[PDB]
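Only one structure is covered here, and it is reproduced in the block below.
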Amino acid sequence: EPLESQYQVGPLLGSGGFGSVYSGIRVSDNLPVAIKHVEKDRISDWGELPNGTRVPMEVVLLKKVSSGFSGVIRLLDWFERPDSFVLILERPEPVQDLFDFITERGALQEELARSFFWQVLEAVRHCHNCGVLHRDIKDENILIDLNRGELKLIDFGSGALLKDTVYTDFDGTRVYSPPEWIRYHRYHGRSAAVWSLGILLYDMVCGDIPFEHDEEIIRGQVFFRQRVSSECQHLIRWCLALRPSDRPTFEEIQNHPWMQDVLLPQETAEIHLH
Ligand SMILES: Cc1cc(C2=NC(=O)N=C(c3ccccc3)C2)ccc1O
């Protein structure tokens, strides 16, 4: 009931702008959890709980996306403390961050990249159905459940409620930010999400990001360092259309020729992860 009696705390999993995440175990059912600490001092994204109380946007957003669809990590609980917020999140076991998976394996085979991409497409589509906008889609914010071959979207610390009017604030990662942001500091949610999705696909199949500097983004020319299929190249260059309204919708991305005949997660695991 207190807090540190209900969860067997463990070793640091990582830390950065999101805060400090620790491996953990819920005492009782021995459920594997992740305990995320973030201090009020450095919280930039604040939100309002359904019942008034002021709270880290992440709590607001995870609450809006909690249920049976396991494409986004589940918030199991949360606590306020005098100077910080603590979040209890699910923890697949074994697990691996997409960034580390790609770092140690290089460019992914298209079949595997297809399976993964599809899964993050289903998970962003879910977030949007719940009025949630992630704003920081990238390899680091995606976990892999190595047993099931299921991806989980994580880290909603830069998200926002989904809206159809313009955004004038951006907290997410720069090299993942669309030409609209760089040039005008204005963007719309869906089309910006699609841009970052295009960066993600490229990263998956090439092993690295397509653009390093602002001028590279504004130019939007995509050079391919590795061998990549023609359909995949066309989907990538589409998501990375300079004009936002030129970018495909989620339905359009999922109906794209490259996106056909996706493996189910468990097949993915047996052929590519086991
Ligand atoms: C294993 C696990 C990790 C996380 C992370 N949450 C986060 O906000 N940020 C994370 C992160 C850590 C290091 C590098 C990049 C992201 C990880 C949430 C639930 C989990 O079960």
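The values are calculated or read from the model by the stated rules, or taken from the named source; nothing here is a laboratory result. Here the Cβ positions follow ideal geometry from the backbone for every residue, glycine too, while neighbour counts run over all protein chains shown.
Some points to look at:
- Of the residues examined, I236 is not one that is part of a helix (DSSP H, G or I) and more than 20 Å from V120 (Cβ to Cβ).
- Against the conditions (1) within 15 Å of the ligand (Cβ to nearest atom); (2) surrounded by fewer than 18 Cβ atoms within 10 Å (Cβ to Cβ); (3) assigned to a loop (DSSP other than H, G, I, E, B), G52 satisfies every one except (1).
- Taken over the range 162-174, the criterion of being surrounded by 15 or more Cβ atoms within 10 Å (Cβ to Cβ) and not in a loop (DSSP other than H, G, I, E, B) is satisfied by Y167 alone.
- Among the conditions (1) within 22 Å of the chain's Cα centre (by Cα); (2) over 16 Å from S177 (Cβ atoms); (3) hydroxyl-bearing (S, T, Y), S230 misses just one, which is (1).
- Checking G131 against (1) at positive phi; (2) buried (at least 19 other Cβ atoms within 10 Å of the Cβ); (3) of a type outside the set (A, V, I, L, M), the condition it does not meet: (2)
So that you can scan it fast, the table gives a plain yes or no per residue for (1) of a type in the set (D, E, K, R); (2) closer than 21 Å to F69 by Cα; (3) within 13 Å of the chain's Cα centre (by Cα); (4) assigned by CATH to the domain that holds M57:
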residue	(1), (2), (3), (4)
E104	yes, no, no, no
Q109	no, no, no, no
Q119	no, yes, yes, no
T173	no, no, yes, no
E180	yes, no, no, no
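- Which numbered condition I271 fails, given (1) more than 16 Å from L108 (Cα to Cα); (2) part of a helix (DSSP H, G or I); (3) of a type outside the set (S, T, Y): (1)
- Here the condition is being farther than 28 Å from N147 by Cα, in contact with a strand residue (DSSP E or B) (Cβ under 8 Å, 6 or more places away or on another chain) and surrounded by 15 or more Cβ atoms within 10 Å (Cβ to Cβ); of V65, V60, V72, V95, it holds for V60 alone.
- Screening the range 12-49 for residues that are of a type in the set (F, W, Y) and within 11 Å of the ligand (Cβ to nearest atom) and picking the one that is farthest from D83 (Cα to Cα) gives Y22.
- Residue within the range 46-54 that is closer than 20 Å to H134 by Cβ and among the acidic types (D, E) present: yes
- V205 in contact (Cβ under 8 Å) with a residue 12 or more places away in the chain and either more than 30 Å from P257 (Cβ to Cβ) or part of a loop (DSSP other than H, G, I, E, B) (or both): no
- Residue pairs meeting the criteria (Cβ under 6 Å; at least 6 apart or on separate chains; first assigned by CATH to the domain that holds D77, in the range 46-66; second of a type in the set (F, W, Y) and buried (at least 21 other Cβ atoms within 10 Å of the Cβ)): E58/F156; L61/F156; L62/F156
- Residue within the range 140-159 that is small (G, A, S), assigned by CATH to the domain that holds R237 and free of Cβ contacts under 8 Å to residues at least 60 places away in the same chain present: no
- Filter result (of a type in the set (G, A, S), more than 22 Å from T173 (Cα to Cα) and surrounded by fewer than 16 Cβ atoms within 10 Å (Cβ to Cβ)) within the range 18-49: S28
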